[PDB]
Amino acid sequence: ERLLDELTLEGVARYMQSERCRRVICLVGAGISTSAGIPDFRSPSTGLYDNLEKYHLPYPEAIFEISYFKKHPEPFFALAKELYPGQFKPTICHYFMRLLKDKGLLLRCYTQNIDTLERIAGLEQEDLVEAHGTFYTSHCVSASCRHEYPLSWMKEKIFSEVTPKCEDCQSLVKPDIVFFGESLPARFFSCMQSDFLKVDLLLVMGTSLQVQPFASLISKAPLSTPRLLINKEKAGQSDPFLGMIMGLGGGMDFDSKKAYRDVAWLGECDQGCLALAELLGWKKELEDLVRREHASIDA
Amino acid sequence: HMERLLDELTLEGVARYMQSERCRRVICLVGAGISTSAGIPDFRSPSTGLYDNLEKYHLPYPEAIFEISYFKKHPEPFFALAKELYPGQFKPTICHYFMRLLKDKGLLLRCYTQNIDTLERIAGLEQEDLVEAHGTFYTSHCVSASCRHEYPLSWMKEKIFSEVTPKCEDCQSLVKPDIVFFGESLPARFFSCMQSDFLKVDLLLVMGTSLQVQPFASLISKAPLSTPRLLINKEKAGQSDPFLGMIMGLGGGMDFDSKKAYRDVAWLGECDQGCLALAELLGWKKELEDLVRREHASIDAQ
Ligand SMILES: Nc1ncnc2c1ncn2[C@@H]1O[C@H](COP(=O)(O)OP(=O)(O)OC[C@H]2O[C@H](O)[C@H](O)[C@@H]2O)[C@@H](O)[C@H]1O
Ligand SMILES: Nc1ncnc2c1ncn2[C@@H]1O[C@H](COP(=O)(O)OP(=O)(O)OC[C@H]2O[C@H](O)[C@H](O)[C@@H]2O)[C@@H](O)[C@H]1O
Ligand SMILES: NC(=O)[C@H]1CCCc2c1[nH]c1ccc(Cl)cc21
Ligand SMILES: NC(=O)[C@H]1CCCc2c1[nH]c1ccc(Cl)cc21
Ligand SMILES: NC(=O)[C@H]1CCCc2c1[nH]c1ccc(Cl)cc21
Ligand SMILES: NC(=O)[C@H]1CCCc2c1[nH]c1ccc(Cl)cc21
Ligand SMILES: [Zn+2]
Ligand SMILES: [Zn+2]
């Protein structure tokens, strides 16, 4: 069933202004924060996974892999000390999602990021699913213990160059950011079970959709729900190939003759959000919000 | 409405379903575990699997040897393994001949195989019965997309057993057999058969696979929600809690053991013995045994 009058940004904008479009879910990744100075993972040359050579890893992902971590925790904590102190401000894209909230359209933002820029831009707890966790809290990795530690305790250890250990059981303690091999937060599953039943539009921004189960989210919406991708490159579309991340047919179809609801706007997330905001008549409103908020942070 | 087709979640329940009028079309989903009893190692069995046995090639990770990007940078390890695996002949197993019985009883809609050993064909399945999902070593191709010149089996055998890394005659790019590496497209037949077959499948028989690679792993989720799915395998496969980096799409797995289980059965053991057990329940045990004896004797005839 086809709800967009045309498969373009303009078509998505007209749909957003129709009575049909009440509930919008944003699905976001590291691409929405590169313009703020935080590298992504998988972009050639600049991405984090192309810049870990000094840690002497078997493959880049090992630095956030739970089995490797337990055996060799030192690289992760060395990287954490290098990355933690960074100070960053939300992007136009983050403020666009804030505007969706204030306009009453945002059902939920599911984020793969741990930078907290969604919260800094003014989205609240109930608007967010921090799918790949948070550094705000930390836990002992032992399943029979799971002692919780606050951010202050973790910083005390990290910047003291002591490998954080649990005071009860001496097991490693790590921030609640989700590693390969680890469970996702309970909130991911409880929100996912209900949010996708009546969603009217998916807005996918700044992600390569290369990790499960987050990549499955696009297939959870009803088949009639349009999906707009704002990203530098097409993501989620391919023929069947061995080792593909998406389930069979769970991807996007922007370009086949059977394409009916997916739109790819290729370019920078910030510029896509500006372009869409203009089509919605919100451009002036977004720009002021950005300027005031960036000014407020500088103070 | 959820149609509960199995009267109990057991091999016995599955056999009763198979004998009913409701079970007309079976799809078999198979992997390397159906050929280990013939002498061919699997991939992911601890210690014995191929991926725990590649140390001498000093690969970055085991899957690199069957990965197209790595291959293009370092093709020698693949061909050095291909020398170690191209020789030797194998006979089909009881499990292969069980699939042959399904064919000859008009029950086999399709066998989707991740194997390149061709044992399904040697067991008497014909081309139309089969989706060789991960390719064939019978044909080869230049890796350059603009070229893609095809080369026959003899050409590839000539090059590999000359210990020369095969290059394309039209463009000098690497040539490899049409077995599917990580990063490579599956044959178009895979998708075309899947879209049709999975609309009309009455039972999935999943044997000898860990379901750890996509898109093959997705096939279980393409069956109608009521279609029972029987796993015959050493270990449970396709049933796990979600985690970051999981292979299956969310909700796309087997459910043998939860409070909501209604159609998935795991029979844990060797595929040959599981097929014998099932055949005995169906009244086919002697027929199967006779078939295996006959066909093996015939192969030994030359
Ligand atoms: N300014 C920009 N505008 C538009 N697109 C951009 C921009 N910057 C980057 N991109 C695109 O943005 C995308 C960034 O893709 P990836 O780097 O894979 O990050 P993820 O968040 O999806 O990684 C997911 C998980 O993987 C990790 O293991 C962690 O667990 C992560 O949480 C690319 O398509 C870029 O082209
Ligand atoms: N005799 C046996 N009986 C029953 N189960 C067995 C037996 N032998 C092994 N097993 C089980 O059989 C399963 C073997 O699983 P895997 O070794 O992953 O092989 P695949 O075919 O799924 O590999 C898929 C692709 O991955 C590669 O990259 C290639 O591309 C492959 O085509 C395990 O669960 C064993 O416990
Ligand atoms: N610095 C920040 O505002 C954020 C920015 C995103 C990356 C990041 C932050 N905090 C971290 C703590 C530990 C580890 Cl391993 C990574 C990070
Ligand atoms: N901008 C971000 O927050 C991205 C990029 C900074 C490192 C990071 C991000 N997402 C993550 C999810 C899990 C883990 Cl372990 C680390 C990260
Ligand atoms: N030997 C056989 O009948 C088959 C048996 C399965 C493994 C195998 C065969 N042929 C091959 C050609 C190349 C590579 Cl890399 C592997 C194989
Ligand atoms: N029994 C088999 O055919 C298995 C085990 C032998 C090597 C092998 C099998 N399946 C494959 C699929 C792709 C590639 Cl590149 C290699 C193989
Ligand atoms: Zn503890
Ligand atoms: Zn060529």
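Numbers run from 1 along the shown chain.
Just so you know, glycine gets a Cβ as well, placed from its N, Cα and C.
DSSP gives B:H134 (active site, proton acceptor) a coil state; it is part of no helix or strand. Marked as active site, proton acceptor by Swiss-Prot: B:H134.
DSSP assigns B:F43 (NAD(+) binding site) to coil in the three-state reduction, placing it in neither a helix nor a strand. Look at Swiss-Prot and you will find B:32-36, B:42-44, B:114-117, B:209-210, B:233-235, B:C271 tagged as NAD(+) binding site.
Its Cβ placed at the centre, B:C171 (Zn(2+) binding site) has 15 other Cβ atoms within 10 Å. Swiss-Prot lists B:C142, B:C147, B:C168, B:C171 with the feature Zn(2+) binding site.
What Swiss-Prot lists as domain 'Deacetylase sirtuin-type' is B:4-285.
Look at Swiss-Prot and you will find B:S47 (among others) tagged as phosphoserine. The 10 Å shell around the Cβ of B:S47 (phosphoserine) contains 6 further Cβ atoms across the protein chains shown.
Among the features that Swiss-Prot reports, phosphoserine is placed at B:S154 (among others). Using a 10 Å radius centred on the Cβ of B:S154 (phosphoserine) and all shown protein chains, the other Cβ atoms total 8. DSSP assigns B:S154 (phosphoserine) to a helical segment in the three-state reduction.
Neighbour counts were taken as the number of other C-beta atoms within 10 angstroms of each residue's C-beta; across the binding-site residues B:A32, B:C142, B:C147, B:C168, the minimum falls on B:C147. Each of the recorded positions B:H134, B:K234 was scored by how many other Cβ atoms lie within 10 Å of its Cβ, and the smallest score goes to B:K234. For B:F43 (NAD(+) binding site), the same-chain residues 6+ apart in sequence whose C-beta sits under 8 angstroms from its C-beta are B:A32, B:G49, B:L50, B:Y51, B:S210. Other residues of the same chain near the Zn(2+) site, with their Cβ within 8 Å of the Cβ centroid of B:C142, B:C147, B:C168, B:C171, are B:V143, B:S144, B:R148, B:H149, B:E169, B:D170, B:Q172, B:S173, B:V175. Listed recorded positions: B:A32, B:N115, B:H134, B:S154, B:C168. Those with a CB under 8 Å from a CB in chain A, in sequence order: B:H134.
Cβ contacts within 10 Å of B:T209 (NAD(+) binding site), excluding its own Cβ and spanning all protein chains shown: 26.
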